[PDB]
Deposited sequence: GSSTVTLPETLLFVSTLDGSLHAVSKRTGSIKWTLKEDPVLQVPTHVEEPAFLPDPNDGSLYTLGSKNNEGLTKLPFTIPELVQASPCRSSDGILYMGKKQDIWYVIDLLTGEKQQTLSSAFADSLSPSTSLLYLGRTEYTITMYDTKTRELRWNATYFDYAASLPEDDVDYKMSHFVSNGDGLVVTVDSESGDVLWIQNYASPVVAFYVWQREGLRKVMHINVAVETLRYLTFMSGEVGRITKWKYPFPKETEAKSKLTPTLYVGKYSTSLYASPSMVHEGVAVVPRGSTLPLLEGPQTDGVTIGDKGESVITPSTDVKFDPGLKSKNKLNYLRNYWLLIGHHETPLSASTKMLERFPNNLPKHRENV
């Protein structure tokens, strides 16, 4: 179980992936990370919240807003579930539901239902020499050796990956990753292969630092079964940066 990588995606799919190949061993399909039933743009990656009066980021996440209600009208909720699955691992997720409400009118101004795996905070452990690159609005993943920039594996999961978990010390430990645009991520994987071919010695790829350095901070807004959502991302040269009108990138709020 210490060789598995857990891939949490937007539609509820948790993937038991080979930290080596990146291939699926077993797929667990549950509740979709977000279910905003427009008002607030959630962040599949941690309940963060945004609003569009341009595009701004509030100061409280979804859980926080919940673990701080009633308030003034705010309705909070927080049921927990544990998942039992023999490879037996006890993985637990939390269903956070929030609710806006105006005493003036008589309707639910806003609503959202953001799930999220209980896991230990991510810490820069030198023992982890891997780095993961993720596409916004797409299941593309570029796992590329942290101690170089040497591409370890490319994968395309059904739905966009929202978070990564490694089962350290019997239980999940969230592994920090990078958000890059499909365009740029493909464009990058492309060159990686070209340089790989002309060279014939390894498929290069930027390092989290070079990447986060040379690209350009953007705030991506995606769509999910009629549920919008922002989420930081990097974009390269020649990518438009501001319903189909709101979707896509925007300049960091």
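Participant: Counting from residue 1 of the deposited sequence, where are the gaps with no C-alpha coordinates?
Facilitator: Gaps vs deposited seq, in order: 1-7, 45-49, 65-69, 90-94, 110-131, 287-336, 348-369.
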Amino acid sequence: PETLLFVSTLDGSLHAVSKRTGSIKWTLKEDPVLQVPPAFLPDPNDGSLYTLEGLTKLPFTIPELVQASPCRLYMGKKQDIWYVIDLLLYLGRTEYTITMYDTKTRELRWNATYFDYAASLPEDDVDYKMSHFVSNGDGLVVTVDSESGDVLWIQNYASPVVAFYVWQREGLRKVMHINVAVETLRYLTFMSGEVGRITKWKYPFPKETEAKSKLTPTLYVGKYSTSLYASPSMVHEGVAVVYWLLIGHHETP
From here on, numbers count along this sequence of modelled residues.
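Participant: 159-167 versus 119-127: which one carries the higher mean Cα B factor per the record?
Facilitator: Taking the mean C-alpha B-factor of 119-127 and of 159-167, the larger value falls to 119-127.
Participant: On average, are the C-alpha B-factors higher in 176-184 or in 78-86?
Facilitator: Result of the comparison: 78-86.
Participant: In the PDB entry, which of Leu215, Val33, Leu55, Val66 has its C-alpha at the highest B-factor?
Facilitator: By C-alpha B-factor in the record, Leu55 ranks first.
Participant: Highest recorded C-alpha temperature factor, please, choosing from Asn45, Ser227, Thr189, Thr51.
Facilitator: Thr51 has the highest C-alpha B-factor of those listed.
Participant: Where does the C-alpha B-factor of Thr27 rank in its chain, lowest, middle or highest third?
Facilitator: Highest third.
Participant: Could you tell me which third, lowest, middle or highest, the C-alpha B-factor of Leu219 occupies within its chain?
Facilitator: Its C-alpha B-factor, which the entry lists for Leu219, ranks in the lowest third among residues of this chain.
Participant: Name the third of the chain's ranked CA B-factors that contains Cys71, choosing lowest, middle or highest.
Facilitator: Top third by C-alpha B-factor.
Participant: With respect to C-alpha B-factor, does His236 fall in the lowest, middle or highest third of the chain as deposited?
Facilitator: Ranked within chain, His236 CA B lands in the lowest tercile.
Participant: Can you tell me whether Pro38 has a C-alpha B-factor in the lowest, middle or highest third compared with the other modelled residues of the same chain?
Facilitator: Highest third - that is where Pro38 ends up once the chain's C-alpha B-factors are sorted.
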